[PDB]
Amino acid sequence: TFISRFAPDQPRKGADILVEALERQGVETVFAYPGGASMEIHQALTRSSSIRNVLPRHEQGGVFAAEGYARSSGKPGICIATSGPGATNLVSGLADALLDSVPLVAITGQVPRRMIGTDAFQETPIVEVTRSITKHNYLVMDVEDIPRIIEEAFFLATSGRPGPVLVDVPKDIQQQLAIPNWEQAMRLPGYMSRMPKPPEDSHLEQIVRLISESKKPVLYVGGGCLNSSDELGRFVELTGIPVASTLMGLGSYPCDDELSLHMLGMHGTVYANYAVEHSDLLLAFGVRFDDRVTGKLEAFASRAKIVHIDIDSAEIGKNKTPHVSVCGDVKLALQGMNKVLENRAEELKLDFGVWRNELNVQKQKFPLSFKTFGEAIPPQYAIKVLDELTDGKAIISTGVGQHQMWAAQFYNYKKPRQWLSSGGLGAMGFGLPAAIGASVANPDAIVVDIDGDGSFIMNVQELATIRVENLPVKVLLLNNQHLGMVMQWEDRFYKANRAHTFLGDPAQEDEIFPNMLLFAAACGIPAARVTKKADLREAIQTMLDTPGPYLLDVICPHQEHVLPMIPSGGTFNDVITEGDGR
Amino acid sequence: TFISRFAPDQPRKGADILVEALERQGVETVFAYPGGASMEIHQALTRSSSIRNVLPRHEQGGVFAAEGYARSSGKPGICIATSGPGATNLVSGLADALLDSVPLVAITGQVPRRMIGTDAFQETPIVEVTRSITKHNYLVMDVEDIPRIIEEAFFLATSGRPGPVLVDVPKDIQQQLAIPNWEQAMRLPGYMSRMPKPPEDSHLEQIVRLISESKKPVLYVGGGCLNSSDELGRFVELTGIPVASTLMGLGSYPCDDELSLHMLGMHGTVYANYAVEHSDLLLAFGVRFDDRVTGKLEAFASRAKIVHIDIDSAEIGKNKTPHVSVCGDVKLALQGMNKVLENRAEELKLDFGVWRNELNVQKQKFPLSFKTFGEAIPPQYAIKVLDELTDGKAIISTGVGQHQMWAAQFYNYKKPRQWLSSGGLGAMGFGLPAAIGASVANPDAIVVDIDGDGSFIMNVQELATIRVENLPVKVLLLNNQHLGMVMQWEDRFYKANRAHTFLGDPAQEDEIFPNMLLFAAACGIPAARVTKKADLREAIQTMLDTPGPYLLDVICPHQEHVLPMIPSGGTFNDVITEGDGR
Amino acid sequence: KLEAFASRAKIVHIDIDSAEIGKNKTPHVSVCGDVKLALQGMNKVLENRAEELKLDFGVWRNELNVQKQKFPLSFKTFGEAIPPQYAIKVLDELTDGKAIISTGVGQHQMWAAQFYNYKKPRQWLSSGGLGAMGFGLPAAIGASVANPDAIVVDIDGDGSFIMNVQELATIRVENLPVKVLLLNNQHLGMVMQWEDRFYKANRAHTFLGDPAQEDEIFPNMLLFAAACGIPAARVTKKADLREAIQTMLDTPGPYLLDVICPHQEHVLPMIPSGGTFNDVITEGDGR
Ligand SMILES: Cc1cc2nc3c(=O)[nH]c(=O)nc-3n(C[C@H](O)[C@H](O)[C@H](O)COP(=O)(O)OP(=O)(O)OC[C@H]3O[C@@H](n4cnc5c(N)ncnc54)[C@H](O)[C@@H]3O)c2cc1C
Ligand SMILES: Cc1cc2nc3c(=O)[nH]c(=O)nc-3n(C[C@H](O)[C@H](O)[C@H](O)COP(=O)(O)OP(=O)(O)OC[C@H]3O[C@@H](n4cnc5c(N)ncnc54)[C@H](O)[C@@H]3O)c2cc1C
Ligand SMILES: Cc1ncc(C[n+]2csc(CCOP(=O)(O)OP(=O)(O)O)c2C)c(N)n1
Ligand SMILES: Cc1ncc(C[n+]2csc(CCOP(=O)(O)OP(=O)(O)O)c2C)c(N)n1
Ligand SMILES: Cc1ncc(C[n+]2csc(CCOP(=O)(O)OP(=O)(O)O)c2C)c(N)n1
Ligand SMILES: CC(C)[C@@]1(C)N=C(c2nc3ccccc3cc2C(=O)O)NC1=O
Ligand SMILES: CC(C)[C@@]1(C)N=C(c2nc3ccccc3cc2C(=O)O)NC1=O
Ligand SMILES: CC(C)[C@@]1(C)N=C(c2nc3ccccc3cc2C(=O)O)NC1=O
Ligand SMILES: CC(C)[C@@]1(C)N=C(c2nc3ccccc3cc2C(=O)O)NC1=O
Ligand SMILES: CC(C)[C@@]1(C)N=C(c2nc3ccccc3cc2C(=O)O)NC1=O
Ligand SMILES: [Mg+2]
Ligand SMILES: [Mg+2]
Ligand SMILES: [Mg+2]
């Protein structure tokens, strides 16, 4: 039973009712930046002892940290901001969280009810603005609805297909005194009547049947399986089916396994795309057939029966029409199909060794590779050295760009919730903040943000938060002085014509600019630089052993290119494997 | 005649047609940050020599710099960004520009037409998201509409009541080749039929009549007169009417004048609010009767006939019902009324010396003041010393908070376009970026960003832009280690209970954190610190004389409070004039 | 043309809706509030400061009284045909201007507005902003229930009436003394008019009768009422028009009087769309 701070019949401010509504939801952490419209809320937060508030230096950091918190754990992210400028500063975060289906609850303070529409001071139609970029939102119009709306937001944000839910709370409601009713029922008739029911055996056995009838079965795992790590594992050790995952599904199935095809897609391995290009059966679990994974949909698995299991009906059949589909929780489906494969084991006698070898050939004929030049540090190598020194147990947060794809390719994640990257919206500046969220959600864990000089400088101000909050965040900054992924798309489709991709200072293009070391210095964060591949281990070992937050600026040659690479809309026969800017 | 880069019959990419559409609009400057969806556009920009592109380190800086560019000059601001994360990063800027009625044109790249709604990669319903926070927006659906839509955007953004206009341009359209028609007519039948016509004499003389019938006339000038500096001046030297302006109207009428009542409102002078509280005639020109200016509308000028001249009909009568109103350009109205006051001069024989004295008493009984403690630097004094050393000729950009109100109170702006502050939305982190925009728009001018430690760290990354772009931006950072305006609202209404307003490091709350000096150091920007009020002049003189960008971190005691202060919704009889946190 | 509207006058606009004030015509003086309160207020001032003011507009009133006599509302009578205007006037007369009038939309609508003198508001129920046809009969039902002991008369057009003719069933079943003065001109009057004025009188599907016998009145509105147990009659001669209307009024219960009129009639005066006072048309029809 929840021990309240107020008497069951004692009236208290709405702001207090809100905070208590969060405590009753198990919330222990929020990322809130003060403002006129949310002052009451903040005051109410200080009255709470079960909830720690991590003050960011910019709302965008707040929302991204909330995402980190969410992605790095099972709990949803909770961020709070004031009206107008505060609120609009969360917009990027919500779109990000909506595209990557991330549990999030955003509380924005609003101007008093009567002033809504009057175009008052620091007022913005936040609900209208965030309609198409959130799972659902609300505008509290009665202090008596606070309990119900908060419970409904957390429910919606974490149930079905997880998503961001924003709650606008007018200032005057925050002040209004009242006696909360924590027994009110949720008003979600439509939603509840759309919640998938446990998978039926008729559908599950129909799949197992297709497996036994297949000769080239390939698992296409996505971030929809992040909670089915075990079930998914048991499944593979019962079918011996090669597993290929999306960028979002990394970790679901250990990348360092024998049956692992690693990440597939635009920048996936050549063998991962090969397996899918020639499979006769595609087991698409927890995936949404994104473009950077299929390219030309008519050429995607064109020679295979597609079984698509998804919790979201709308997703099923949207891009690629399945042969067999199952609208439901992938975890339940897995446990089910596992039982059938366990009993009817001998009867089935599944063997895909022939397929596995056909692939094991491509896997050795086109493995992930990187070139080393003189004593320069190869970003890929750096990451590998990190995987090594952290024994693949580190939680990685990332920015967006080349450095992002490498962190995805050269690190072997043991479990999900270990890889926190912006994939659907691909928002730069995600990394550092996300690492903050991860570190708070996982105090006793190695948290490392692998950033790009572009993505990092974008939210560099969160270094202040890292210090003030005493968070052991390790920043492995792969510095290439450019906007890598963009300067790359130039050498590939625009005759290498520099389109404002240089981030250094033209007055001295030989000097590293900005000096990321001094940035950390300003925030009391110990740092170092590495340029020689030779002293790279000592470097990374130091960053890891130095207690507290740390920043390692590891210089890399910009010419590097992320390969393999299947151009936008292309096919497996368009996979590029050679080229750069040397 | 515009000399094109392509033959009148030569087909070129849509992206090229766009850029040429901007050149034909007189655009010389853009603030664009690269992305997949805008690459074609950027490439097209490099083909242009009349347009300089200033690459920011974050889109929000881009849009705020575009605002600075716009506010600091007459031209509109033009910012460009890619889809998804790039685009949502402009949201704050648009709301800001919409609330402070600022000419702005935002070009966001979108995913290919066919992929719209497919929920593709890096895709966002930008048009839907920015509907309620822009003057108007567009989604280009045909490469043949680029010429017309661009011309319509610049028209709408700069005509009537200036505002932000966003243009979404799908990627595939940017690639599509075509032959532009620069003679197409604009499709704005409704808008054109709502454009106010020149003021009628019957209405203008009705005002002049009310002036001669008044004994206590008070001018209530707002940012709607930023282009009527002369007309407004001539008017005063013909009626001798005391002038009080909004935060947005600063500069319209020289603050260092004898007839100047300075800024009125929540933080306006006591005499400015007095004059309005006891005037019998309020000449509201270019104002929108905001809350932080009237408070309780029933008590605002309750004893006076209100003449409201506005270019926006919707604004007239919205908050305060006028006795006489004029929907039209305030500049035209002024020139008109000036002629009448010039001819019927002797006949009228206007004399308000009695009124002016009644006010001149309050002006001396309650002048703007600030206290000095020991050798500590008083933020107000610092600003005054700056006004002095720059001879009131410096363009000031500001953040939001206490430091913002002081920059508004203790500096005497000679003309409009000299004070660039976020007033309607009050977005923090506006300052530095805005100064960048001002410096590019005014190369040979003293540009000084007066920031708060909170507002500054929020977009600190633009220091990289300052350096790389070689901009003589001077940052007078009033460092008080707190969120001043917020910590203030606590000592006033929350018993001084700290609600996460401390920006320093709790581990050593005696040390200045962050070290803003090192931030500039990282970006090759010379800096210094000042703590003693004694060496404050040498300090500021140095910042001004050191060629190039400069950052002066001037330490101030946080306890300071912005006075006078009329609480939210209060009246002239609620004006606070004593209190702080000593 | 808004620029020509009262272009020579100071406009005082009192409205309860702020958005309305200044929307189309910028006022010199405006008052956002209840017009009733404003009136009571201004009345007191005009009552006290009466002698002081000594208001006299006799000169103005005469200047107008000249135009009022130089261009009064008129209508022409042809042979024994019934002039729709006259019919309405005869109704105003027999009902002593105490009848609640509901109307359809079209010529017949403008005439009911011009040739009847309403004593109070809530007596004239017409669709003016949207101008929805078929409003009349139903509206009369609403009026009759809201005013049991009152003379309710729907002045309809053959077009507007047939559109909701089914409510006759409601009239009967509900026992409502609804009187239908149907001005039958066999056409879509207001529309056939806009044709003779701007389209060289080219018939654009405005004929509501049967082409197979364009001399017969179609539909037979009498039989419609017959189907619903509603007593009816027809009038064609201007001579027996009074007896007709008197009967409709005296026959207890609902009643329908189909009064035939020559379609050529035109609603005048008429200022074309967007025109000005100098565009006022006062002569023309389709004879
Ligand atoms: C620079 C850049 C390059 C990229 N390159 C690649 C690349 O080469 N390869 C690649 O894979 N991606 C790449 N991406 C990421 C890519 O855009 C997509 O975000 C990713 O492929 C989506 O993977 P997903 O469908 O598995 O995850 P999501 O998009 O998160 O979709 C998960 C799906 O699982 C469903 N689901 C959720 N929970 C459950 C449950 N309990 N039971 C059943 N179903 C559930 C959802 O409703 C949904 O349909 C790139 C992104 C960037 C920024
Ligand atoms: C911390 C903080 C404190 C604040 N404190 C104060 C304070 O104490 N006092 C104060 O004044 N403000 C204060 N503000 C600013 C305040 O919120 C409003 O932005 C400001 O009062 C608006 O002034 P304005 O109406 O003159 O300008 P705007 O809001 O820009 O409105 C201009 C008006 O002029 C009209 N107009 C435009 N062009 C023309 C033309 N050519 N001809 C005729 N009409 C035209 C517009 O359409 C509009 O109605 C504060 C803001 C912050 C962030
Ligand atoms: C907020 C935002 N702005 C612009 C983009 C466009 N973009 C897509 S990939 C990429 C790569 C560059 O960044 P960097 O951090 O330096 O890393 P690198 O790719 O060089 O490793 C960019 C700029 C984006 N995704 N998000
Ligand atoms: C983006 C954003 N976040 C939060 C607020 C709420 N807020 C309003 S005034 C204020 C004052 C504090 O900042 P600082 O820059 O340190 O200056 P000071 O007031 O101390 O001079 C704040 C945080 C805002 N206006 N914009
Ligand atoms: C429901 C509907 N359909 C069409 C119109 C277009 N319209 C406008 S005035 C008019 C006049 C014709 O009707 P009628 O009832 O015969 O009367 P008359 O004008 O002939 O007296 C018409 C058809 C309308 N206002 N409403
Ligand atoms: C798991 C189900 C319940 C899922 C996919 N279905 C909805 C969902 N539920 C809805 C319920 C009522 C009305 C509109 C809806 C729209 C959606 C939607 O697709 O966004 N939300 C979800 O998470
Ligand atoms: C940001 C968008 C505009 C970006 C990265 N996206 C595409 C893109 N363009 C495509 C064009 C045709 C068919 C499939 C595509 C898939 C993608 C994709 O990778 O999402 N092209 C681009 O430049
Ligand atoms: C100066 C006039 C033209 C002004 C105030 N009026 C509009 C304006 N013009 C419009 C024209 C057509 C349809 C809706 C509109 C809404 C507005 C509005 O108030 O936002 N825009 C302006 O700048
Ligand atoms: C951000 C909002 C919520 C902020 C600054 N705004 C008010 C506020 N509250 C008011 C409440 C009643 C009457 C007039 C007000 C005017 C304001 C105003 O100054 O704009 N109170 C606040 O806390
Ligand atoms: C149903 C509409 C389209 C109708 C009756 N309305 C007009 C019309 N057109 C106008 C065209 C220009 C200026 C003023 C007008 C006023 C009207 C009006 O009477 O409302 N023209 C028409 O045909
Ligand atoms: Mg980089
Ligand atoms: Mg400060
Ligand atoms: Mg008719």
# chains A, B, ... in the order shown; residues from 1 in each chain; ligands from 1
$ residues_near_ligand --ligand "ligand 10" --cutoff "7 Å" --atoms "only C-alpha atoms and all ligand atoms" --output "PyMOL selection string"
chain C and resi 1+273-274
$ residues_around --residues "residue C:77" --least-positions-apart "6" --cutoff "10 Å" --atoms "only C-alpha atoms" --output "count of residues only"
5
$ atom_distance --atom1 "atom CA of residue B:402" --atom2 "atom 9 (S, counted along the ligand's line) of ligand 4"
7.4 Å
$ interface_residues --of "chain A" --to "chain B" --cutoff "7 Å" --atoms "only C-alpha atoms" --output "VMD selection string"
chain A and resid 35 42 to 43 55 57 to 58 84 to 85 88 to 89 91 to 92 120 to 123 125 129 to 130 132 290 to 291 424 to 427 457 to 458 461 464 468 486 499 to 500 505 to 506 513 to 516 518 to 519 521 to 523
$ closest_atom_pairs --of "chain B" --to "chain C" --cutoff "12 Å" --atoms "only C-alpha atoms" --output "CSV"
residue,atom,partner,partner_atom,distance
B:193,CA,C:24,CA,10.5
B:194,CA,C:24,CA,9.2
B:195,CA,C:24,CA,11.8
B:196,CA,C:26,CA,10.0
B:197,CA,C:3,CA,10.4
B:199,CA,C:26,CA,10.6
B:200,CA,C:26,CA,10.5
B:201,CA,C:28,CA,11.4
B:202,CA,C:10,CA,8.1
B:203,CA,C:28,CA,6.6
B:204,CA,C:28,CA,10.0
B:205,CA,C:28,CA,11.1
B:206,CA,C:28,CA,8.3
B:207,CA,C:28,CA,10.1
B:305,CA,C:29,CA,11.4
B:306,CA,C:29,CA,11.0
B:307,CA,C:29,CA,10.2
B:308,CA,C:28,CA,11.3
B:309,CA,C:26,CA,11.6
B:310,CA,C:22,CA,11.8
B:312,CA,C:22,CA,10.6
B:313,CA,C:22,CA,6.8
B:314,CA,C:19,CA,7.0
B:315,CA,C:19,CA,9.7
B:316,CA,C:22,CA,8.2
B:317,CA,C:18,CA,6.8
B:318,CA,C:18,CA,7.1
B:319,CA,C:18,CA,9.8
B:320,CA,C:32,CA,10.1
B:321,CA,C:32,CA,7.1
B:322,CA,C:30,CA,7.5
B:323,CA,C:29,CA,6.0
B:324,CA,C:29,CA,5.5
B:325,CA,C:28,CA,6.8
B:326,CA,C:26,CA,7.4
B:327,CA,C:26,CA,7.1
B:328,CA,C:26,CA,10.1
$ select_by_dssp --residues "stretch 74-268 of chain C" --states "strand (DSSP E or B)" --output "ChimeraX atom specification"
/C:100-103,124-125,152-155,157,178-184,187,207,232-235,255-260
$ residues_near_ligand --ligand "ligand 12" --cutoff "6 Å" --atoms "only C-alpha atoms and all ligand atoms" --output "ChimeraX atom specification"
/B:452-454,479-484
$ write_last_selection --atoms "N, CA, C and O atoms" --output "compact mmCIF listing (two decimals), in the first residue's frame"
# COMPACT_ATOMS: atom_id res chain seq x y z
N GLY B 452 22.64 35.30 -19.45
CA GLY B 452 22.59 34.81 -18.09
C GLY B 452 23.35 33.49 -18.15
O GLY B 452 23.46 32.88 -19.23
N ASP B 453 23.91 33.03 -17.02
CA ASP B 453 24.65 31.78 -17.05
C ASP B 453 23.74 30.60 -17.46
O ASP B 453 24.21 29.61 -18.01
N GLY B 454 22.44 30.74 -17.22
CA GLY B 454 21.50 29.71 -17.59
C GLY B 454 21.21 29.76 -19.08
O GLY B 454 21.33 28.75 -19.80
N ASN B 479 26.98 36.71 -14.81
CA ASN B 479 26.97 35.44 -14.12
C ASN B 479 26.54 35.54 -12.66
O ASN B 479 27.25 36.12 -11.84
N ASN B 480 25.39 34.96 -12.33
CA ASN B 480 24.90 34.99 -10.95
C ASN B 480 24.71 33.57 -10.41
O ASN B 480 24.06 33.37 -9.39
N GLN B 481 25.29 32.60 -11.11
CA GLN B 481 25.24 31.20 -10.69
C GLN B 481 23.85 30.60 -10.47
O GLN B 481 23.74 29.47 -10.00
N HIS B 482 22.80 31.33 -10.82
CA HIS B 482 21.43 30.84 -10.63
C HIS B 482 20.50 31.12 -11.81
O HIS B 482 20.90 31.69 -12.82
N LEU B 483 19.25 30.69 -11.64
CA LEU B 483 18.19 30.93 -12.60
C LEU B 483 17.44 32.10 -11.97
O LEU B 483 16.32 31.96 -11.48
N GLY B 484 18.12 33.25 -11.97
CA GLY B 484 17.62 34.49 -11.38
C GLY B 484 16.14 34.81 -11.33
O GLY B 484 15.57 34.94 -10.25
$ residues_around --residues "residue C:224" --least-positions-apart "6" --cutoff "9 Å" --atoms "only C-alpha atoms" --output "list in words"
residues 165, 166, 168 and 230 of chain C
$ write_last_selection --atoms "N, CA and C atoms" --output "compact mmCIF listing (two decimals), in the first residue's frame"
# COMPACT_ATOMS: atom_id res chain seq x y z
N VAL C 165 -42.25 18.71 -47.99
CA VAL C 165 -43.67 18.44 -48.03
C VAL C 165 -44.09 17.34 -47.05
N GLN C 166 -43.21 16.37 -46.78
CA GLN C 166 -43.56 15.30 -45.86
C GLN C 166 -43.96 15.76 -44.45
N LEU C 168 -46.21 17.64 -43.73
CA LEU C 168 -47.66 17.82 -43.73
C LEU C 168 -48.23 16.70 -42.86
N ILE C 230 -55.26 17.26 -44.92
CA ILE C 230 -55.17 18.70 -44.74
C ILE C 230 -56.00 19.44 -45.78
$ atom_distance --atom1 "atom CA of residue B:144" --atom2 "atom CA of residue B:22"
15.3 Å
$ residues_around --residues "residue A:98" --least-positions-apart "5" --cutoff "6 Å" --atoms "only C-alpha atoms" --output "NGL selection string"
:A and (134 or 163-164)
$ select_by_dssp --residues "stretch 61-264 of chain C" --states "helix (DSSP H, G or I)" --output "PyMOL selection string"
chain C and resi 61-70+84-94+107-114+136-146+158-162+167-173+189-198+211-213+221-227+238-250
$ atom_distance --atom1 "atom CA of residue C:126" --atom2 "atom CA of residue C:231"
24.9 Å
$ residues_around --residues "stretch 146-151 of chain A" --least-positions-apart "3" --cutoff "12 Å" --atoms "only C-alpha atoms" --output "MDAnalysis selection string"
chainID A and resid 13:27 78 105:107 136:143 154:159 165:170 173:174 176:188
$ residues_around --residues "stretch 339-343 of chain A" --least-positions-apart "5" --cutoff "9 Å" --atoms "only C-alpha atoms" --output "JSON, numbers by chain"
{"A": [204, 205, 208, 235, 238, 239, 334, 348]}
$ write_last_selection --atoms "N, CA, C and O atoms" --output "PDB file, in the first residue's frame"
ATOM      1  N   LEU A 204       0.201 -20.438 -34.263  1.00  0.00           N
ATOM      2  CA  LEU A 204       1.566 -20.771 -33.879  1.00  0.00           C
ATOM      3  C   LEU A 204       2.060 -22.057 -34.527  1.00  0.00           C
ATOM      4  O   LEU A 204       3.200 -22.128 -34.989  1.00  0.00           O
ATOM      5  N   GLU A 205       1.211 -23.076 -34.570  1.00  0.00           N
ATOM      6  CA  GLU A 205       1.613 -24.334 -35.179  1.00  0.00           C
ATOM      7  C   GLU A 205       1.701 -24.204 -36.694  1.00  0.00           C
ATOM      8  O   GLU A 205       2.425 -24.954 -37.345  1.00  0.00           O
ATOM      9  N   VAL A 208       5.331 -23.158 -37.124  1.00  0.00           N
ATOM     10  CA  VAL A 208       6.218 -24.300 -36.912  1.00  0.00           C
ATOM     11  C   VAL A 208       6.194 -25.220 -38.132  1.00  0.00           C
ATOM     12  O   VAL A 208       7.210 -25.812 -38.495  1.00  0.00           O
ATOM     13  N   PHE A 235      14.315 -20.360 -28.732  1.00  0.00           N
ATOM     14  CA  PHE A 235      13.794 -20.625 -30.064  1.00  0.00           C
ATOM     15  C   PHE A 235      14.908 -21.029 -31.025  1.00  0.00           C
ATOM     16  O   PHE A 235      14.782 -22.006 -31.761  1.00  0.00           O
ATOM     17  N   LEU A 238      16.532 -24.332 -30.789  1.00  0.00           N
ATOM     18  CA  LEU A 238      15.544 -25.370 -31.065  1.00  0.00           C
ATOM     19  C   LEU A 238      15.287 -25.479 -32.563  1.00  0.00           C
ATOM     20  O   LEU A 238      14.663 -26.436 -33.019  1.00  0.00           O
ATOM     21  N   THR A 239      15.761 -24.497 -33.326  1.00  0.00           N
ATOM     22  CA  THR A 239      15.557 -24.507 -34.771  1.00  0.00           C
ATOM     23  C   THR A 239      16.870 -24.338 -35.519  1.00  0.00           C
ATOM     24  O   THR A 239      16.972 -24.690 -36.696  1.00  0.00           O
ATOM     25  N   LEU A 334       6.638 -16.634 -29.046  1.00  0.00           N
ATOM     26  CA  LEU A 334       7.857 -17.417 -28.875  1.00  0.00           C
ATOM     27  C   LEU A 334       7.697 -18.561 -27.874  1.00  0.00           C
ATOM     28  O   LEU A 334       8.053 -19.692 -28.178  1.00  0.00           O
ATOM     29  N   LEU A 348       9.632 -33.590 -35.870  1.00  0.00           N
ATOM     30  CA  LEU A 348      10.098 -32.597 -36.830  1.00  0.00           C
ATOM     31  C   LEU A 348      11.520 -32.874 -37.312  1.00  0.00           C
ATOM     32  O   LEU A 348      11.766 -32.962 -38.517  1.00  0.00           O
TER      33      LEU A 348
END
$ residues_around --residues "residue C:105" --least-positions-apart "3" --cutoff "10 Å" --atoms "only C-alpha atoms" --output "list in words"
residues 108, 109, 110, 126, 127, 128, 130, 131, 132, 133, 134, 135, 136, 155, 156, 157, 159, 160, 161, 188, 189 and 190 of chain C
$ write_last_selection --atoms "N, CA, C and O atoms" --output "compact mmCIF listing (two decimals), in the first residue's frame"
# COMPACT_ATOMS: atom_id res chain seq x y z
N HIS C 108 -40.55 34.75 -53.27
CA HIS C 108 -41.63 34.73 -52.30
C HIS C 108 -41.13 35.10 -50.92
O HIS C 108 -41.88 35.61 -50.09
N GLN C 109 -39.85 34.80 -50.66
CA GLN C 109 -39.26 35.11 -49.37
C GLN C 109 -39.06 36.61 -49.24
O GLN C 109 -39.40 37.19 -48.21
N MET C 110 -38.54 37.25 -50.28
CA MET C 110 -38.32 38.69 -50.23
C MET C 110 -39.63 39.45 -50.16
O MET C 110 -39.72 40.49 -49.51
N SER C 126 -37.25 33.49 -40.79
CA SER C 126 -36.71 33.18 -42.10
C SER C 126 -35.21 32.83 -42.06
O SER C 126 -34.46 33.36 -41.24
N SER C 127 -34.81 31.93 -42.95
CA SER C 127 -33.42 31.49 -43.09
C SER C 127 -32.70 32.56 -43.92
O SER C 127 -32.92 32.66 -45.13
N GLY C 128 -31.86 33.37 -43.27
CA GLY C 128 -31.17 34.45 -43.96
C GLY C 128 -29.69 34.31 -44.24
O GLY C 128 -29.22 34.72 -45.30
N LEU C 130 -27.75 31.28 -44.28
CA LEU C 130 -27.47 30.12 -45.12
C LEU C 130 -28.51 30.08 -46.23
O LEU C 130 -28.24 29.58 -47.32
N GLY C 131 -29.70 30.63 -45.95
CA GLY C 131 -30.77 30.64 -46.94
C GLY C 131 -31.14 29.23 -47.40
O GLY C 131 -31.13 28.93 -48.60
N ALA C 132 -31.48 28.38 -46.44
CA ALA C 132 -31.84 27.00 -46.73
C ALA C 132 -33.29 26.81 -47.15
O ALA C 132 -34.22 27.15 -46.41
N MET C 133 -33.50 26.29 -48.35
CA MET C 133 -34.85 26.02 -48.83
C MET C 133 -35.45 24.87 -48.03
O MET C 133 -34.73 24.02 -47.51
N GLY C 134 -36.78 24.85 -47.95
CA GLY C 134 -37.48 23.80 -47.24
C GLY C 134 -37.54 24.10 -45.76
O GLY C 134 -37.96 23.26 -44.95
N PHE C 135 -37.09 25.30 -45.41
CA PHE C 135 -37.10 25.77 -44.02
C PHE C 135 -38.53 26.04 -43.53
O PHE C 135 -38.93 25.57 -42.46
N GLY C 136 -39.28 26.79 -44.35
CA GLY C 136 -40.65 27.21 -44.08
C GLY C 136 -41.67 26.34 -43.37
O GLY C 136 -42.06 26.63 -42.25
N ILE C 155 -45.32 31.04 -45.59
CA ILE C 155 -45.41 31.61 -46.93
C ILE C 155 -44.28 30.94 -47.71
O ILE C 155 -43.12 31.34 -47.60
N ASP C 156 -44.62 29.89 -48.46
CA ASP C 156 -43.65 29.10 -49.22
C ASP C 156 -43.63 29.29 -50.73
O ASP C 156 -44.53 29.89 -51.32
N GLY C 157 -42.58 28.76 -51.34
CA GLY C 157 -42.43 28.77 -52.78
C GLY C 157 -42.69 27.33 -53.20
O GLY C 157 -42.52 26.41 -52.38
N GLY C 159 -40.95 25.51 -54.90
CA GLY C 159 -39.69 24.81 -54.82
C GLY C 159 -39.35 24.48 -53.37
O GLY C 159 -39.07 23.31 -53.03
N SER C 160 -39.38 25.50 -52.52
CA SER C 160 -39.07 25.31 -51.11
C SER C 160 -40.05 24.39 -50.40
O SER C 160 -39.66 23.63 -49.52
N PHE C 161 -41.32 24.46 -50.78
CA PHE C 161 -42.35 23.65 -50.15
C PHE C 161 -42.22 22.17 -50.47
O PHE C 161 -42.20 21.34 -49.56
N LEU C 188 -38.27 28.34 -60.01
CA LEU C 188 -37.30 28.61 -58.96
C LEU C 188 -37.04 30.11 -59.14
O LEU C 188 -35.97 30.53 -59.58
N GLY C 189 -38.07 30.89 -58.82
CA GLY C 189 -38.06 32.34 -58.95
C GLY C 189 -36.79 33.15 -58.80
O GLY C 189 -36.36 33.80 -59.75
N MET C 190 -36.20 33.13 -57.61
CA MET C 190 -34.98 33.88 -57.37
C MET C 190 -33.86 33.47 -58.30
O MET C 190 -32.98 34.27 -58.62
